[PDB]
Amino acid sequence: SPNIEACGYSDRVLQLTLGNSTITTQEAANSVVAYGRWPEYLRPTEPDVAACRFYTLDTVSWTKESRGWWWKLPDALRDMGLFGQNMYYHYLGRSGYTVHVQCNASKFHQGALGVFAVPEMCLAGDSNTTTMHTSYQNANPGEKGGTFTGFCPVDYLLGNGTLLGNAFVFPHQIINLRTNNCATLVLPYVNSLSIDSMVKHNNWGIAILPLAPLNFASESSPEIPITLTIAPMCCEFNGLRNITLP
Amino acid sequence: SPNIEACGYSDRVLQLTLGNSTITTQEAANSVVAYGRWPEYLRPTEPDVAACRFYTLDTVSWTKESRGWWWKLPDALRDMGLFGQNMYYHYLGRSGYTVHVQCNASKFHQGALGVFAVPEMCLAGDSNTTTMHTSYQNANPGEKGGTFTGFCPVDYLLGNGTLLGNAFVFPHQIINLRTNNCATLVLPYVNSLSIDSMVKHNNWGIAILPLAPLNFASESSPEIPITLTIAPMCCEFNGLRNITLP
Amino acid sequence: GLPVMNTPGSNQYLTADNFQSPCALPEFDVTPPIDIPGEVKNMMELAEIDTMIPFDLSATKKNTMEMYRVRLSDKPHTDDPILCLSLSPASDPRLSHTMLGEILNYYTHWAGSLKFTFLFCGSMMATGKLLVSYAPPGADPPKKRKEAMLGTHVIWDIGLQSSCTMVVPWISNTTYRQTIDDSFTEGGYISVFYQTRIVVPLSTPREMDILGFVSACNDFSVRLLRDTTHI
Amino acid sequence: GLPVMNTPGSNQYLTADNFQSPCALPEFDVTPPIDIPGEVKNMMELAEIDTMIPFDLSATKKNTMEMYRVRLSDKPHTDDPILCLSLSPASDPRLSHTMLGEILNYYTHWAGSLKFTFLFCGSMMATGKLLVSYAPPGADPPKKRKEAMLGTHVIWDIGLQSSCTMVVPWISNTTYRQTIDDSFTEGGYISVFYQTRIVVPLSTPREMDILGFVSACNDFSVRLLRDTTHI
Amino acid sequence: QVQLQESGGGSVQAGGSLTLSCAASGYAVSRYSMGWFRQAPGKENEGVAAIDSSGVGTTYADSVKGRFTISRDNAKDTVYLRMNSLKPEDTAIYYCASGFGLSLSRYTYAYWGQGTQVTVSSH
Amino acid sequence: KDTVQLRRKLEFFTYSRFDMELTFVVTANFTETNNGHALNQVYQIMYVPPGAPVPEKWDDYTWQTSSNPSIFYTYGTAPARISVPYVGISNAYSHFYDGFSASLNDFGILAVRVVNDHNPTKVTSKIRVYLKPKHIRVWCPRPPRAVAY
Amino acid sequence: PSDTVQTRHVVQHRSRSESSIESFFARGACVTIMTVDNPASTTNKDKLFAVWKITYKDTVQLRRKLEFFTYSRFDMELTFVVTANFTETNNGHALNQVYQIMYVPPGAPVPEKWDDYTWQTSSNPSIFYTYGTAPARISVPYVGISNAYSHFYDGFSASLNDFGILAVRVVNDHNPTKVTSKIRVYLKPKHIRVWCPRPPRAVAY
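Residue numbers (the deposited numbering), protein chains in the order written: chain 2, 1 to 43, 53 to 159, 174 to 269; chain 2', 1 to 43, 53 to 159, 174 to 269; chain 3, 1 to 231; chain 3', 1 to 231; chain 7, 1 to 123; chain 1, 113 to 213, 232 to 279; chain 1', 57 to 213, 232 to 279. A prime marks a further copy of an entry chain.
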């Protein structure tokens, strides 16, 4: 689906400095808007830059054995400064996400990463009658995240009971080592309501699985790191409660 | 039905030179358009003269014992240069036919030939439940053709179970020895589809049976020859496959 | 609810009715029709198509191709017609097996004109003259040339023109005639005689044949749809 | 009361009908709908979305992620294709498990074009050329490069562009084709061969993979809604 | 549903001839070819022999060439893999697959058998 | 092709398109000479579009057909009636087919069972189907089939 | 003809009306089979009432079809095909019956006994279907609490959305000859809208 061919190497280093953050993106161009919609305001307190700035999660090692990785939103960013706060001090909250996944290697490494953003991504446990099942804490692995396997999400079953090959229905991009180094996914707020409670309900779900294995030239770096930078877009929350300071 | 009386002898020798061919028709006038329709293009690769030119089948002897003869289209012309090729190299194919049947005798021979073009002419085998029955090869006797009898097509049953006398519903002309020497039948493409596969399905069926016996003055030529010249009209085929050369 | 009253005829099933019922497959893409040559609009059209009459349905010649071959043999000039035919559709075994008759066995009446075409199938050199005769309904079969000569007749010349066309008119009592055997409404006779005789040069076979055709006209119509299908 | 007559079809229940019946909850405030991104209008739209084909459904590789990994190994230049595929939807186990096929198992026909996209997943430095070939319906499977070369083929270069897109056209006898196994209407073949060979610098792993995708086009349509659900 | 019943397996001697067969259900064997793939303990999907029912044009792998013989039956819809003169390297769990057709490649097939274990036993 | 009347009538032509209107006259009766009782029944008629799974057992999943139409005719009322438009795969229905691939065109299959369950007194029924080809069009006529089928 | 450029695709639409959403679900399928009865004897199990929670999740046909999407809004049209019969091999009689079907809106008191007050429901709808006529039909509009019905719900609070509960009993009283009945319910989701599609559930449920 993502049959693009920007250039191949590197051209232009154009940094995204929003608020306090700074990114220095590989370029800027080549981004996918989920379903063709930009995160908009409810048609409330709009913090903007205060909440709307780049936060970086923990970097994870990609290896010749890796089966995949997964995170939840806003869940992961629950331990992020002002966005971490505003999440616990309000009963409401809707937010967009600029999932900017970067992965650098050399002209000598080969493989392919597919960043899949699954809206309402519940994980594997074939009890249709009683879903949710796995405890609040397991279902929410924070900023460190969870991982796929060959709480148990099977890779070819996308960790939900449906053949991986059809995953390509959800918004995605393929970080193919020989071409792109970056993945840009703007995910607008998707839920059954106009606004809801962030602490309990998980909107999206970033799942990066390997479509091609990792092969490194003779002897080189045994593993390569993948980084996930996420940012809250056009967010609002109602309404401050006894700023119950922890 | 064909109650015409051109002249009786010969007037004008006007040759039909299409592409590489040359005919030298008895005249030109006196032709029957099947149902009042001219072979038109689908409303594709149109070869024109390359495919659209006169090809002559094998000449057959008409005798005082002859019961009749029959051919299939495009079947007969399956062994004809470019039209023979284009038939096997394409999965499609629709075509018109200018069946120009000639028969020459003297002012001393007497008899009558009725050239009947039966659209979708399946041959005799009274298994309504299981038609087609007779093998692909028998059903397709090529350019040499098949013959009626007193695979078994009964003459008075037009070789299909219906009384010959009613054959006059299909387009036809009567080569009556005392008048006409030539028969011209333009048959437009008739089938359940807009275009189909020629190799498997037989559009028309030229059937020439004797309506009057052959009687020759004292001692003369024991038999007279009948010739069938057929030509593909406004034909198209889609789409060249690995020009799988034989 | 809107005050409605159920009248007699409710819950019955008239086979020949015309009502709008539910369509089992909503939004189904029907394949569009193409102009395949030869579209038929009405049955009377198939009748205006000349069809060969099987004249000689003799003991051996019937159910064989010979039934279509009327042979002019070498016999004496006897005013005995070479062929005679009853203009009585289903009330005569000859007009019945024609496409024309095949349309008439599905109705009760028939009106208008009909046309008999005779095509000679003999040597170009051969010549002669024949008299095709017509005797209107109720009249006795013309058994002599002189007899047949008096009525509507065409003097068909073999020597010149090969095909004769005699259009049988509408000389009928009832505005609509019986397709069945009735004396109140009985056809008539179409017969051929030796005006002259057959003249053949040299040693060319002295026996040739003639074919016959029959069809309807623009004014030919039918009514009261009936059937006759057995098992 | 207004004279009304009950015709046949009254008191029956057509599952596929469309009638206005009583609304159980009068004046109920229905929650207004919001523009939640991703509204679907028709099923054909989900087909125009490229979906990865599980090419290698081998004994061990089927029902595992390996079914999606076509590996270009280090073997001799034998005109034996690296991969061949039948353009016969439900009549071939590979095109069936695609989102495209998943739409086709709910209809009887399918029309229009389809597009196969191949994405190379090897070292930037690695180069070579391959020949993606297409053989129209009814034609025999191209088993040699020379054979496959004659027909519609794309010469896809690895060295330059990473992704090839070959749009399979509409070369079909019937205006509407069978989604079932029929010889009257059988797909064809899409196969890949070593135009050149694979060239890798230094000591970079000599075996990489290629992924495949399939989707529909704007002219792709379906008909006759059917099902296949078991217990 | 197309079924291929891999029959003719077992533990024979080194040089011990052993024929294989597969009953092809669900389709007309002529529309398809048929081949063989072996996989040694913990190794990879490797080819051995394959021929097309219509053309009966042979094709073997280089290492197996000579000793192995493939032959089709259009009457019983079965293939016969005459693995003659066996060797300790021929100890690989075999598999049969109907082709589109025709030759021994990576996978290039679709219908796969359950798997029959042949072990070229040696003293 | 099963009956004769409507069969020969359609044979005067080679090609046709026709809106097929169908009506079902259901009639019941007790079989055993017993003063046994039965409650007014319901029958399920099924027009299954051509090329679909033909039901075997009256228990199978294909008797639920999420997509295929069904008609629940309660006995004792006006006979059931459905309209199946031109369901041909071609541009016309071919009465006489010349060439290879007699299945004709396949207008589908009808399946009927008693919806009401097992009642001690066995009641047999007979469904008579009628066909009215409204909006009919035809092409290229042939001589009528003289003999018997 | 033969061509493999790389254009968008080729041509424009070609008629796709019978494949559209509304037309994809325009067919009503079986959703459940409720079994009541009118016993003269004290049978506490089959005791007149039959309770069933309104859920598509019970059957397979209509279930998998709805699973290609995550969100949906739909006017739920329901029809009830009631069929009766005598159980005992007796020439016993029975008068044409009446049944009471009850669409109880989500989050209300689910009837237990066929005697309780909640079977009178001053507010809840009811349908009195006399046997031997055209099956009963009601229309329940979008009764969701959210802006859409969530087929697959991710997070915590499977109850799904709750479309209510159906209860049916025989209105006619205790007749010596026991007659059993079966109510077949059908669901037609007219005016249906959907959002964010997922890969279809491959296996069994």
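Note that CB positions come from ideal geometry on N, CA and C, so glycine has one too.
Three-state secondary structure assigned by DSSP to residue i
{"i": "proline 89 (chain 3')", "result": "helix"}
{"i": "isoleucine 103 (chain 3)", "result": "helix"}
{"i": "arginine 72 (chain 7)", "result": "strand"}
{"i": "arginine 43 (chain 2')", "result": "coil"}
{"i": "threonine 158 (chain 2')", "result": "strand"}
{"i": "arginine 82 (chain 7)", "result": "strand"}
{"i": "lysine 262 (chain 1')", "result": "strand"}
{"i": "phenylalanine 92 (chain 2')", "result": "helix"}
{"i": "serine 255 (chain 1)", "result": "strand"}
{"i": "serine 163 (chain 3')", "result": "strand"}
{"i": "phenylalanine 124 (chain 1)", "result": "coil"}
{"i": "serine 244 (chain 2)", "result": "coil"}
Buried versus exposed, by CB contacts within 10 Å (16 or more), residue i
{"i": "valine 108 (chain 2)", "result": "buried"}
{"i": "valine 61 (chain 1')", "result": "exposed"}
{"i": "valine 4 (chain 3')", "result": "exposed"}
{"i": "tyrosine 145 (chain 2')", "result": "exposed"}
{"i": "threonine 31 (chain 3)", "result": "buried"}
{"i": "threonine 15 (chain 3)", "result": "exposed"}
{"i": "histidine 230 (chain 3')", "result": "exposed"}
Contact with chain 2' by residue i, beta-carbon distance below 8 Å
{"i": "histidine 97 (chain 3)", "result": "yes"}
Any chain 3' beta carbon closer than 8 Å to residue i
{"i": "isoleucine 23 (chain 2')", "result": "no"}
{"i": "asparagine 45 (chain 7)", "result": "yes"}
Interface flag, residue i vs chain 1, CB-CB below 8 Å
{"i": "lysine 252 (chain 1')", "result": "no"}
{"i": "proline 191 (chain 1')", "result": "yes"}
{"i": "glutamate 129 (chain 2')", "result": "yes"}
8 Å Cβ cutoff, residue i in contact with chain 2
{"i": "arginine 275 (chain 1')", "result": "yes"}
Any C-beta of chain 3 under 8 Å from that of residue i
{"i": "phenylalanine 125 (chain 1)", "result": "yes"}
{"i": "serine 79 (chain 1')", "result": "yes"}
{"i": "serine 71 (chain 1')", "result": "yes"}
{"i": "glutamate 133 (chain 1')", "result": "no"}
{"i": "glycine 200 (chain 1)", "result": "yes"}
Residue i beta carbon near the ligand SAH (any heavy atom closer than 7 Å)
{"i": "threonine 98 (chain 1')", "result": "With respect to the ligand SAH, the structure shown offers nothing to examine, as it has no ligands at all."}
Cutoff 8 Å: residue i Cβ touching any chain 1' Cβ
{"i": "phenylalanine 184 (chain 1)", "result": "yes"}
Check whether the stretch 115 to 127 of chain 3' and the stretch 209 to 216 of chain 3' are in contact - that is, three or more C-beta pairs closer than 8 Å. yes
What are the residues in the stretch 83 to 116 of chain 2' lying within 7 Å of chain 3' by C-beta distance? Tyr100, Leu101
At least 3 beta-carbon pairs within less than 8 Å: the stretch 58 to 70 of chain 2 vs the stretch 113 to 123 of chain 2: no
Residues from the stretch 141 to 161 of chain 1 in contact with chain 1', defined by Cβ distance under 7 Å: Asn147, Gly148, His149, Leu151, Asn152, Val154
Counting beta carbon pairs with one atom in the stretch 116 to 126 of chain 2' and one in the stretch 215 to 232 of chain 2', are three or more of them shorter than 8 Å? yes
Sufficient close CB pairs (3 or more, under 8 Å) joining the stretch 74 to 88 of chain 3 to the stretch 182 to 197 of chain 3: yes
When Cβ atoms are compared, which residues of the stretch 107 to 118 of chain 7 fall closer than 9 Å to chain 3'? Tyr107, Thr108, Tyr109, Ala110, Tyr111, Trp112, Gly113, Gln114, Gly115
Residues from the stretch 29 to 40 of chain 3' in contact with chain 1', defined by Cβ distance under 8 Å: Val30, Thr31, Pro32, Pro33, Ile34, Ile36, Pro37, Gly38, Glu39, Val40
Of all the residues that make up the stretch 42 to 59 of chain 3', which are near chain 2 by a beta-carbon distance shorter than 8 Å? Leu46, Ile49, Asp50, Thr51, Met52, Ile53, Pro54
Counting pairs of Cβ atoms below 8 Å between the stretch 64 to 73 of chain 1' and the stretch 175 to 192 of chain 1', do you hit three or more? no
Contact between the stretch 33 to 46 of chain 3' and the stretch 118 to 136 of chain 1' (3+ Cβ pairs under 8 Å): yes
Any residues in the stretch 161 to 181 of chain 3' with a beta carbon nearer than 7 Å to a beta carbon of chain 1'? Which ones, in chain order? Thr165, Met166, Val167, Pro169, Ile171
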